[PDB]
Structure formats: C-alpha cells, structure tokens
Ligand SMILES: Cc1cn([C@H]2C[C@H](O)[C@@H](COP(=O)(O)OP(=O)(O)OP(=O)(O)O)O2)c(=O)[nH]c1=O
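Below you'll find only one chain, the form deposited without the ligand, shown as structure tokens.
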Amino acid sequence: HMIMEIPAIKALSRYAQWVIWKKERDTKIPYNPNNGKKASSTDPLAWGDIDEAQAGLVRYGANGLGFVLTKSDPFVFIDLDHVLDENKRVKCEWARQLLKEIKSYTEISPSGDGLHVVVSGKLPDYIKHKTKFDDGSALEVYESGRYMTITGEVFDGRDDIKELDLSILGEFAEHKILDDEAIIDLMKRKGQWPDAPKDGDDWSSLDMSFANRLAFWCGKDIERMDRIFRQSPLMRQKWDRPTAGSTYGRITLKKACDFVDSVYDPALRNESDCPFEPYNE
C-alpha cells in the first residue's frame, strides 16, 4: 500500500530521473516537477528526485509519478499493454509466459489493464521495440529515450528489481533484420492525409482518392505507396483480397500511378504541382 516501502521504488529513488505526468486527451504528458513546465525526456535538468516529484505532484495536481529511462542507468522498462482482464488477472498467454520467465518488479499500469516490468539488464539487439498481437495486446520494451509511469501497484508480490538476462525476450518480441514517416508527415502538413471512413462513405472511392494523392507525393513508387497506405485510416482486409489475378490494393495503386500526371520530387520540392486539393476537415 505504501509506495515508499516498495523495494523497487527505493532502488529507483536513488536516481534524480523522476517526472510527474498528467492525462491529456489520450496521452500522458510528463512535466518537470520543480516548475510545472512540460519536461523533455532527454534533458536531465527537466527531472527531479523522488522527493521533488512527489512535491510537484501535489503542487500542480498531477496524476502520478514517472521515471525517465536513460542509456546510463541499469533499468529496462517492459510494457505489456491490454493483458489484464477486469479482475486484473492476466488474460494473454504470451504475457503469462513472459512473467513466468522474467521475474522482476511488476506493477499494474495506470489504465488498470496492462503491466509494467522493470528489470536490470540490457535488451537483445535483434528485437523490435514494439510488437502488436492479434488480440489487441502489445509488448513494448525500452531502455532509454522515454519515461514510464510509475504506479506502485505491485502485481503478484513482485516488488523488487532483479538483474536478469533478457535474451529470453526474443521469444516474445518480433525480430528485426524521402523517408516514409517524412512523406506521411509531409502529406499531413499539406492536408493530404485521410480521415477514417464515416457512416455512408463509399470506402472504395476514398481509397482511390487517397491512392491518387499517394501517387503524386510518393513519386509513383508503388512499394512506398503500399507501405504508407497500410498505415493509414483507410486500411482494411479488402486491401489484400485477391481480385482478377492481383489484389484489390495493387489494382488500386497501379490505376492511381497511371492516372496521375505529375510527381513530387523531394530534390525539387515542387509541392505546387500537386493536382489534388487538400482534404476538407
């Protein structure tokens, strides 16, 4: 019950890497506990010690404590998203197996339906930071570059941070072997990024309007058009349904590449050649 009695919290209290956070829309924004300004996750002087963070939590009415991971500290943060049922029991088999294999400090997340594990160790080189599973759960692992919310809501009595080898995370996380995010950001700034379909929209007509825009902004690079489309609000299973010896998605993208005259060239920044008006908001 008493968060300062928890061994893991006493261990984290040695580091002046604490922030406070507040819920904003669907995100949790970290704040500098000494002056209440938004905190950078890479400026050490934006953080506090745990006493400062607890005072700041009170002073500014924040929702909770957070702890910033850095490459120099011993800590790895493992986030298990959407793995608990309504009785706070684990409902994902991958998560139950991870917790059998990686026994270290575990707390219930602020939403009440995920878990945080904190371990002393180093991530294997060959795993992705984020892995999504078919049932909506996810596994995220980080050792630096962001903060973690700290609840002190200890799960299954796992109240202490342990030194463990994390090679076993390769059993759970996916392996790994302009720029797409840069083109996505560009399209968003130009108002050329679609909204999710609404009731009574003709989705296939939305797809073609978007494919036409991708043909321009991606320079008729059909592989890049496809990667970006799959990250858009218009993605659905029909995209990959076989149709006449191709798929619905490939036929759509090839028709857009034939239909669109101009192309954006990042070397030329010819944004006024775009043939299509921005989407209405």
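Heads up: residue numbers just count along the shown sequence, starting at 1. What we label the rigid core is the largest C-alpha set whose atoms superpose within 1.5 Å from one form to the other.
Missing here is the form deposited with the ligand bound; even so, the following discussion is about that form.
- Using a 4.5 Å heavy atom cutoff, none of 185, 193 and 219 lies near the ligand in the deposited bound form.
- Among 147, 155, 75, 94, the residue placing a heavy atom within 4.5 Å of the ligand in the deposited bound form is 147.
- Between the options 113, 135, 160, 174, the residue in contact with the ligand in the deposited bound form by a heavy atom within 4.5 angstroms is 113.
- Heavy atoms within 4.5 Å of the ligand in the deposited bound form are found in exactly one of 201-209, 95-103, 147-155, 120-128, that being 147-155.
- Within 4.5 Å of some heavy atom of the ligand in the deposited bound form lies at least one heavy atom of residue 79.
- With a 4.5 Å cutoff on heavy atoms, residue 28 counts as touching the ligand in the deposited bound form.
- Core-superposed comparison between this form and the one not shown: CA of residue 246 displaced by less than 2 Å.
- Comparing the forms between this form and the one not shown on their rigid core, the Cα displacement of residue 233 stays under 2 Å.
- For residue 35, a C-alpha deviation of 2 angstroms or more is recorded between this form and the one not shown after rigid-core alignment.
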